[PDB]
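> What follows is a single structure, and I will ask about it in a moment.
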Amino acid sequence: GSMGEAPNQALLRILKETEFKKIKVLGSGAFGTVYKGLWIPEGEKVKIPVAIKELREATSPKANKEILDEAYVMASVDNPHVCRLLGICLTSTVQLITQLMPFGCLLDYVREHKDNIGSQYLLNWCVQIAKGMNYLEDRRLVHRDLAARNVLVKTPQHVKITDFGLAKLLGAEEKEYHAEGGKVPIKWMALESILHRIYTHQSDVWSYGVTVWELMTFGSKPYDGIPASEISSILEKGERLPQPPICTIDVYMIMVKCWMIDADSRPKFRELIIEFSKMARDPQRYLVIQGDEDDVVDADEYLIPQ
Ligand SMILES: CCC(=O)Nc1ccc(OC)c(Nc2ncc(Cl)c(-c3c[nH]c4ccccc34)n2)c1
Ligand code: NA
């Protein structure tokens, strides 16, 4: 309890609204709306595809608060497996501008390409998502909303984590974030998060296991048919998501470890990177898929806290 805080010198970039045009709606609902768009900086021979996020809440001040908190976090992160803020645009309700991810979210992707998705892809996605989370952990960020819908696809070989609407920054030696009231997706949440509103890097790991389960089932809904109010008592009873058909015990065991009652018994993201990348060297030994396609680890898969 002696470490202080370093200054955050991230630049917040404010973009002119005239420099980009909307093209079509990509998605919308309660959260707000996301548009596909093209950004054309003033004195340059460049056109950049972007997503334009317009969050919607009860009032404009409410939306603007939430959206500026999200811009803070996204402006502070820079990793190949995490979405990056290009900047914000100061309309009546603020717009978040980010890179367009042309293949959409990973959840819809695995649903739409179920039949042409092999073991190599699935396992590398798991590696890449873990690399993203591990980086976020090194930035002392708890994501709190990791799910297949919140993983975006730049290319089938390259995915990035998105949606920092619920993300929280921990203090220097701080371990937990205690949430107030507020909707959070119960079916991706760790038990302690549901019971006590405690969120940690290890509660993010629980969400990761559920995200991997989504991928391995080719985009099934977790605990399908079950109402959210019944979930915590199910988990308290020791019940968990079932073993996906394509999964070997080796892979299913990793998921179960992510869903341990004891948060500190769950794997660390750095360990998941190692485990999944080892598996990715021999994909068909670990996933058994219809119509598919040394202990040595590369230093880029051996990540040490920063
Ligand atoms: C799971 C649903 C899904 O993401 N669809 C989807 C389809 C097609 C796309 O590209 C042509 C994309 N590209 C994309 N690029 C950047 C962002 Cl920041 C978002 C994005 C963030 N939040 C969202 C909520 C709803 C829709 C999109 C987003 N999307 C996304
Ligand atoms: Na392994």
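Scheme for the structure tokens: letters A, B, ... for chains in order shown; per-chain residue numbers from 1; ligand numbers from 1 in order shown.
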Among segment 28-252 of chain A, which ones does DSSP assign to strand (DSSP E or B) (computed from the backbone)? Answer as a PyMOL selection string.
chain A and resi 28+32-39+48-55+79+82+85-89+95-99+105+141-142+151-155+158-161+168-169+177-178+198-199+247
> Can I get the residues close to ligand 1 as a PyMOL selection string, where close means within 10 Å and we count only C-alpha atoms and all ligand atoms?
chain A and resi 24-29+31-37+49-55+83-85+96-109+147-154+160-164
> Create the file for the chosen residues now, containing N, CA and C atoms and written as a compact mmCIF listing (two decimals), in the first residue's frame.

```
# COMPACT_ATOMS: atom_id res chain seq x y z
N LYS A 24 -23.88 3.51 -43.27
CA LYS A 24 -25.02 2.69 -42.86
C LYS A 24 -24.96 2.33 -41.38
N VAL A 25 -26.10 1.97 -40.82
CA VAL A 25 -26.17 1.46 -39.46
C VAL A 25 -25.62 0.04 -39.45
N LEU A 26 -24.72 -0.24 -38.51
CA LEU A 26 -24.21 -1.60 -38.31
C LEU A 26 -25.02 -2.33 -37.25
N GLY A 27 -25.42 -1.60 -36.22
CA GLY A 27 -26.19 -2.19 -35.14
C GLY A 27 -26.77 -1.15 -34.22
N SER A 28 -27.81 -1.54 -33.49
CA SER A 28 -28.49 -0.64 -32.57
C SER A 28 -29.42 -1.41 -31.65
N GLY A 29 -29.76 -0.78 -30.53
CA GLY A 29 -30.69 -1.35 -29.57
C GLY A 29 -30.86 -0.43 -28.38
N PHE A 31 -28.35 0.00 -26.03
CA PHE A 31 -27.04 0.65 -25.86
C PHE A 31 -26.94 1.97 -26.62
N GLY A 32 -27.54 2.02 -27.81
CA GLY A 32 -27.41 3.15 -28.73
C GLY A 32 -27.35 2.69 -30.18
N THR A 33 -26.44 3.28 -30.96
CA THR A 33 -26.29 2.94 -32.37
C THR A 33 -24.84 3.02 -32.82
N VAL A 34 -24.45 2.09 -33.69
CA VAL A 34 -23.14 2.14 -34.34
C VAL A 34 -23.33 2.26 -35.85
N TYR A 35 -22.61 3.21 -36.44
CA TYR A 35 -22.63 3.44 -37.89
C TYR A 35 -21.30 3.03 -38.52
N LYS A 36 -21.37 2.48 -39.72
CA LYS A 36 -20.21 2.35 -40.58
C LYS A 36 -20.00 3.73 -41.19
N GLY A 37 -18.76 4.14 -41.34
CA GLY A 37 -18.46 5.46 -41.90
C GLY A 37 -17.10 5.53 -42.55
N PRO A 49 -11.77 3.72 -43.15
CA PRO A 49 -13.05 3.17 -42.68
C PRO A 49 -13.15 3.17 -41.16
N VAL A 50 -14.26 3.68 -40.63
CA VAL A 50 -14.46 3.79 -39.19
C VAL A 50 -15.84 3.33 -38.75
N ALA A 51 -15.94 3.02 -37.46
CA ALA A 51 -17.22 2.82 -36.81
C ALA A 51 -17.48 4.04 -35.95
N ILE A 52 -18.72 4.52 -35.95
CA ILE A 52 -19.11 5.72 -35.22
C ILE A 52 -20.14 5.30 -34.19
N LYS A 53 -19.79 5.36 -32.91
CA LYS A 53 -20.67 4.87 -31.85
C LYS A 53 -21.42 6.02 -31.16
N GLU A 54 -22.75 6.02 -31.30
CA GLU A 54 -23.64 6.98 -30.63
C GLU A 54 -24.42 6.28 -29.52
N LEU A 55 -23.93 6.36 -28.28
CA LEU A 55 -24.62 5.75 -27.13
C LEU A 55 -25.88 6.54 -26.76
N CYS A 83 -9.30 -2.86 -29.36
CA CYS A 83 -9.75 -1.77 -30.22
C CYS A 83 -9.23 -0.44 -29.72
N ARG A 84 -8.90 0.43 -30.65
CA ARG A 84 -8.27 1.70 -30.33
C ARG A 84 -9.19 2.86 -30.74
N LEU A 85 -9.25 3.86 -29.88
CA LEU A 85 -9.99 5.08 -30.17
C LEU A 85 -9.18 5.90 -31.15
N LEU A 96 -18.08 8.28 -30.46
CA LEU A 96 -16.80 7.58 -30.36
C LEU A 96 -16.44 7.03 -31.72
N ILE A 97 -15.26 7.40 -32.22
CA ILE A 97 -14.79 6.97 -33.54
C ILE A 97 -13.65 5.97 -33.35
N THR A 98 -13.81 4.81 -33.98
CA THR A 98 -12.84 3.74 -33.91
C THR A 98 -12.68 3.10 -35.29
N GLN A 99 -11.70 2.21 -35.40
CA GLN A 99 -11.44 1.45 -36.62
C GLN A 99 -12.65 0.58 -36.94
N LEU A 100 -13.06 0.57 -38.21
CA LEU A 100 -14.07 -0.38 -38.67
C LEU A 100 -13.47 -1.78 -38.74
N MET A 101 -14.19 -2.75 -38.17
CA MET A 101 -13.75 -4.14 -38.17
C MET A 101 -14.65 -4.85 -39.16
N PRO A 102 -14.17 -5.03 -40.41
CA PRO A 102 -15.05 -5.35 -41.54
C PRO A 102 -15.82 -6.67 -41.47
N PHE A 103 -15.38 -7.60 -40.64
CA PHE A 103 -16.02 -8.92 -40.55
C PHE A 103 -17.00 -9.04 -39.38
N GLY A 104 -17.18 -7.96 -38.62
CA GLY A 104 -18.17 -7.94 -37.56
C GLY A 104 -17.69 -8.58 -36.27
N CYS A 105 -18.63 -8.86 -35.37
CA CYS A 105 -18.28 -9.46 -34.09
C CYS A 105 -18.06 -10.96 -34.25
N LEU A 106 -17.21 -11.49 -33.40
CA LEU A 106 -16.83 -12.89 -33.48
C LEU A 106 -18.02 -13.83 -33.26
N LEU A 107 -18.98 -13.42 -32.43
CA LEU A 107 -20.17 -14.24 -32.17
C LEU A 107 -20.98 -14.49 -33.44
N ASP A 108 -21.32 -13.42 -34.16
CA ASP A 108 -22.06 -13.54 -35.42
C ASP A 108 -21.23 -14.25 -36.48
N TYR A 109 -19.92 -14.08 -36.41
CA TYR A 109 -19.01 -14.70 -37.36
C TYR A 109 -19.03 -16.22 -37.27
N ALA A 147 -17.26 -10.95 -23.87
CA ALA A 147 -18.18 -11.91 -24.47
C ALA A 147 -17.87 -11.99 -25.97
N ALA A 148 -18.28 -13.07 -26.62
CA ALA A 148 -18.03 -13.20 -28.06
C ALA A 148 -18.58 -12.02 -28.89
N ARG A 149 -19.68 -11.42 -28.44
CA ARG A 149 -20.25 -10.27 -29.14
C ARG A 149 -19.34 -9.04 -29.04
N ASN A 150 -18.51 -9.01 -28.00
CA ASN A 150 -17.59 -7.90 -27.74
C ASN A 150 -16.16 -8.21 -28.19
N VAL A 151 -16.01 -9.21 -29.04
CA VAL A 151 -14.76 -9.45 -29.75
C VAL A 151 -15.03 -9.18 -31.22
N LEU A 152 -14.26 -8.28 -31.82
CA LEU A 152 -14.45 -7.90 -33.22
C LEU A 152 -13.39 -8.52 -34.10
N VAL A 153 -13.72 -8.65 -35.38
CA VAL A 153 -12.92 -9.39 -36.34
C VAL A 153 -12.42 -8.44 -37.42
N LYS A 154 -11.13 -8.11 -37.37
CA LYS A 154 -10.50 -7.31 -38.42
C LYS A 154 -10.31 -8.17 -39.65
N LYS A 160 -9.95 -8.43 -32.17
CA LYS A 160 -9.68 -7.40 -31.16
C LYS A 160 -10.84 -7.29 -30.18
N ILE A 161 -10.53 -6.95 -28.93
CA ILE A 161 -11.54 -6.76 -27.89
C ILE A 161 -12.09 -5.33 -27.95
N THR A 162 -13.41 -5.22 -27.78
CA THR A 162 -14.10 -3.94 -27.86
C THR A 162 -15.02 -3.78 -26.65
N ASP A 163 -15.76 -2.68 -26.64
CA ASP A 163 -16.80 -2.37 -25.66
C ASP A 163 -16.23 -2.17 -24.26
N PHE A 164 -15.82 -0.94 -24.00
CA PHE A 164 -15.26 -0.57 -22.71
C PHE A 164 -16.26 0.22 -21.88
```
> Measure the distance from atom CA of residue 264 of chain A to atom CA of residue 176 of chain A in Å and round it to one decimal.
12.5 Å
> Determine the nearest neighbour of residue 241 of chain A from the options A:296, A:11, A:63, A:256, counting only C-alpha atoms.
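Checking each of A:296, A:11, A:63, A:256 against residue 241 of chain A, counting only C-alpha atoms, the winner is A:256.
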> Any idea what's packed within 7 Å of residue 127 of chain A, counting only C-alpha atoms, ignoring anything in its chain fewer than 5 positions away? Could you give it as a list in words?
residues 273, 276 and 277 of chain A
> Could you write out the selected residues, including N, CA and C atoms, as a compact mmCIF listing (two decimals), in the first residue's frame?

```
# COMPACT_ATOMS: atom_id res chain seq x y z
N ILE A 273 -2.75 -17.86 -22.46
CA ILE A 273 -2.00 -17.60 -23.69
C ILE A 273 -1.10 -18.78 -23.99
N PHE A 276 -3.26 -22.26 -24.68
CA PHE A 276 -3.92 -22.27 -25.97
C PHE A 276 -2.96 -22.23 -27.15
N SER A 277 -1.81 -21.58 -26.98
CA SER A 277 -0.84 -21.52 -28.07
C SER A 277 -0.14 -22.86 -28.23
```
> Which of these residues is nearest to ligand 2, using only C-alpha atoms and all ligand atoms: A:177, A:259, A:252, A:199?
A:252
> Choose the residue, out of A:110, A:304, A:94, A:280, that has the smallest atom-to-atom separation from ligand 2; count only C-alpha atoms and all ligand atoms.
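Ranked by minimum distance to ligand 2, first place goes to A:280.
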> Excluding residue 39 of chain A and any residue of its chain fewer than 4 positions from it, enumerate the residues within 7 Å of it, using only C-alpha atoms, and give them as a list in words.
residues 19, 20, 21, 47, 48, 49 and 50 of chain A
> Residues within 6 Å of ligand 2, counting only C-alpha atoms and all ligand atoms: report them as a count of residues only.
4
> Check the smallest atom-to-atom distance from each of A:292, A:69, A:282, A:173 to residue 118 of chain A using only C-alpha atoms, then report the winner.
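The closest residue to residue 118 of chain A is A:292.
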> May I ask for the distance between atom CA of residue 200 of chain A and atom CA of residue 184 of chain A, given in Å to one decimal place?
14.5 Å
> Find the residues near residue 89 of chain A: any atom within 6 Å, counting only C-alpha atoms, skip ones fewer than 2 places away on the same chain, and give them as a ChimeraX atom specification.
/A:14-15,91,94-95
> Can those selected residues be exported to a file as a short mmCIF file (atom, residue, chain, number, x, y, z; two decimals), in the first residue's frame so that it contains N, CA, C and O atoms?

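Below is the file out-v2.cif, written as the result:
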```
data_model
loop_
_atom_site.label_atom_id
_atom_site.label_comp_id
_atom_site.auth_asym_id
_atom_site.auth_seq_id
_atom_site.Cartn_x
_atom_site.Cartn_y
_atom_site.Cartn_z
N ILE A 14 -9.87 15.15 -30.77
CA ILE A 14 -11.17 15.68 -31.09
C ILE A 14 -11.25 15.89 -32.59
O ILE A 14 -10.52 16.70 -33.14
N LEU A 15 -12.14 15.15 -33.24
CA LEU A 15 -12.26 15.15 -34.70
C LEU A 15 -13.41 16.04 -35.16
O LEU A 15 -14.45 16.07 -34.51
N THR A 91 -20.58 16.17 -31.02
CA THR A 91 -21.98 16.41 -31.35
C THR A 91 -22.79 16.54 -30.06
O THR A 91 -22.25 16.37 -28.97
N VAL A 94 -22.08 12.85 -27.72
CA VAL A 94 -20.74 12.62 -28.26
C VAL A 94 -20.65 11.31 -29.04
O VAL A 94 -21.29 10.32 -28.69
N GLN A 95 -19.84 11.32 -30.10
CA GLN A 95 -19.57 10.13 -30.90
C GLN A 95 -18.18 9.60 -30.63
O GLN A 95 -17.22 10.37 -30.57
#
```
> Name the closest residue to residue 286 of chain A among the candidates A:262, A:224, A:250, A:298; distances are taken between atoms, counting only C-alpha atoms.
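Ranked by minimum distance to residue 286 of chain A, first place goes to A:250.
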> Tell me which of A:270, A:281, A:22, A:16 sits closest to residue 41 of chain A, counting only C-alpha atoms.
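Checking each candidate against residue 41 of chain A, we get A:16 as the closest.
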> Name the residues of segment 150-286 of chain A that come out as alpha helix (DSSP H) in a backbone DSSP run; write them as an mmCIF file with C-alpha atoms, in the first residue's frame.

```cif
data_model
loop_
_atom_site.group_PDB
_atom_site.id
_atom_site.type_symbol
_atom_site.label_atom_id
_atom_site.label_comp_id
_atom_site.auth_asym_id
_atom_site.auth_seq_id
_atom_site.Cartn_x
_atom_site.Cartn_y
_atom_site.Cartn_z
ATOM 1 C CA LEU A 191 -20.324 -15.876 -9.043
ATOM 2 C CA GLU A 192 -18.697 -13.345 -6.679
ATOM 3 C CA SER A 193 -19.583 -10.590 -9.163
ATOM 4 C CA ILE A 194 -23.219 -11.694 -9.095
ATOM 5 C CA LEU A 195 -23.408 -12.157 -5.314
ATOM 6 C CA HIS A 196 -21.199 -9.296 -4.098
ATOM 7 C CA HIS A 201 -9.021 -9.615 -13.302
ATOM 8 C CA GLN A 202 -10.022 -13.116 -12.185
ATOM 9 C CA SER A 203 -13.726 -12.334 -12.701
ATOM 10 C CA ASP A 204 -12.746 -11.284 -16.254
ATOM 11 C CA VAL A 205 -11.176 -14.779 -16.567
ATOM 12 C CA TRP A 206 -14.572 -16.337 -15.796
ATOM 13 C CA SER A 207 -16.075 -14.276 -18.626
ATOM 14 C CA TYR A 208 -13.248 -15.478 -20.879
ATOM 15 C CA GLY A 209 -14.125 -19.134 -20.200
ATOM 16 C CA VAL A 210 -17.735 -18.374 -21.179
ATOM 17 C CA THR A 211 -16.466 -16.591 -24.291
ATOM 18 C CA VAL A 212 -14.364 -19.624 -25.266
ATOM 19 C CA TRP A 213 -17.472 -21.793 -24.685
ATOM 20 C CA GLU A 214 -19.444 -19.556 -27.063
ATOM 21 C CA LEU A 215 -16.738 -20.092 -29.705
ATOM 22 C CA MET A 216 -16.445 -23.872 -29.209
ATOM 23 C CA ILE A 231 -28.138 -18.498 -12.713
ATOM 24 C CA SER A 232 -26.419 -17.818 -9.383
ATOM 25 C CA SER A 233 -28.194 -20.654 -7.580
ATOM 26 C CA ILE A 234 -27.287 -22.945 -10.483
ATOM 27 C CA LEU A 235 -23.623 -21.972 -10.089
ATOM 28 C CA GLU A 236 -23.813 -22.171 -6.299
ATOM 29 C CA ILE A 249 -11.233 -32.992 -21.974
ATOM 30 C CA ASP A 250 -8.004 -30.931 -22.267
ATOM 31 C CA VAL A 251 -9.919 -27.915 -23.567
ATOM 32 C CA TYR A 252 -13.005 -28.402 -21.403
ATOM 33 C CA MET A 253 -10.806 -28.578 -18.269
ATOM 34 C CA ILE A 254 -9.464 -25.100 -19.090
ATOM 35 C CA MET A 255 -13.021 -23.735 -19.186
ATOM 36 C CA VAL A 256 -13.882 -25.393 -15.873
ATOM 37 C CA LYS A 257 -10.770 -23.870 -14.260
ATOM 38 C CA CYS A 258 -12.051 -20.447 -15.395
ATOM 39 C CA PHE A 269 -4.509 -14.687 -18.716
ATOM 40 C CA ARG A 270 -0.766 -15.139 -19.228
ATOM 41 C CA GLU A 271 -1.257 -18.893 -18.528
ATOM 42 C CA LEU A 272 -4.184 -19.129 -20.965
ATOM 43 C CA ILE A 273 -2.003 -17.601 -23.691
ATOM 44 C CA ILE A 274 0.568 -20.326 -23.118
ATOM 45 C CA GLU A 275 -1.913 -23.205 -22.872
ATOM 46 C CA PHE A 276 -3.925 -22.266 -25.974
ATOM 47 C CA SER A 277 -0.843 -21.522 -28.066
ATOM 48 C CA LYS A 278 0.599 -24.946 -27.202
ATOM 49 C CA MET A 279 -2.710 -26.432 -28.330
ATOM 50 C CA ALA A 280 -2.699 -24.309 -31.503
ATOM 51 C CA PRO A 283 -5.195 -28.244 -33.182
ATOM 52 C CA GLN A 284 -6.793 -31.568 -34.105
ATOM 53 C CA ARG A 285 -5.471 -33.174 -30.912
ATOM 54 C CA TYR A 286 -7.549 -30.695 -28.888
#
```
